[PDB]
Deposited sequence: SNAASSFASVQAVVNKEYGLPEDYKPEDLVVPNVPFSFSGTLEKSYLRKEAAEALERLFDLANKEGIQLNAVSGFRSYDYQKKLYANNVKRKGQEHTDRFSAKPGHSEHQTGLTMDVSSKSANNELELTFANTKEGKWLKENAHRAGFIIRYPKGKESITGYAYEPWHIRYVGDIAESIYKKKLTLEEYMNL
């Protein structure tokens, strides 16, 4: 239990993770996924996986069907991905939130389960925006906050931070702002 293993840890362009960093409590959440089988991207840290299950349940109660697309991604994966674009998700290895195991990309069939801006205009994307905090999630890179987060709007990308999500949502803040960074 160190600073970067905190559920409230900030990982961004400025603040990176150790290169060997892999959470030790990875599990696959019991939710529908946009691909079949088990892959490393199926996993989240246990607390975040349980919260994702809760989130999908709450969505279902209101007729909203979400699908999980991509969770954990290792340092090594990020390295290869950074190269493939050195020729936005141009995060250097060790600087992607996905390596924390606290972040899941989610989408919906109405958006072809793809991670695109169109997801924002679906009832599912709209619901996610206003309800993610009910399960301790925030939309990590909200619209208009590019200069702060370093990322263009990603309506599909949710980060588990626990109880502070509700305050962050209510105050319309980024994680950076909440943490005085």
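Asker: Which parts of the deposited sequence have no C-alpha atoms in the model?
Answerer: Model skips 1-3, 91-98 of the deposited chain.
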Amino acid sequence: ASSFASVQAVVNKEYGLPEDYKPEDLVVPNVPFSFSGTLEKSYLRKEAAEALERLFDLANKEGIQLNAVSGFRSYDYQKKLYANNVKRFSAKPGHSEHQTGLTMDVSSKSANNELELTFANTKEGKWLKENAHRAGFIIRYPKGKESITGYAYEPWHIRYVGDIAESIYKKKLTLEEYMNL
From here on, numbers count along this sequence of modelled residues.
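Asker: Output the stretch having the higher mean C-alpha B factor in the entry; the candidates are 15-23 and 155-163.
Answerer: Taking the mean B-factor of the alpha carbons in each, 15-23 is higher.
Asker: Should the higher mean CA B-factor in the entry be assigned to 65-73 or to 117-125?
Answerer: Comparing averages over the C-alpha atoms only gives 117-125.
Asker: Of the choices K41, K145, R54, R140, which one's C-alpha carries the largest B-factor in the record?
Answerer: Checking the PDB record, the top C-alpha B-factor among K41, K145, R54, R140 is at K145.
Asker: Please rank the C-alpha B-factors of the chain's modelled residues and tell me whether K80 sits in the lowest, middle or highest third.
Answerer: Highest third of the chain for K80's C-alpha B-factor.
Asker: Which third, lowest, middle or highest, does the C-alpha temperature factor of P93 belong to within its own chain?
Answerer: It belongs to the highest third of the chain when residues are ordered by C-alpha B-factor.
Asker: Compared with the other modelled residues in the chain, in which third is the CA B-factor of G150?
Answerer: Its C-alpha B-factor, which the entry lists for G150, ranks in the highest third among residues of this chain.
Asker: Divide the modelled residues of the chain into thirds by Cα B-factor and specify which third, lowest, middle or highest, holds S34.
Answerer: Lowest third.
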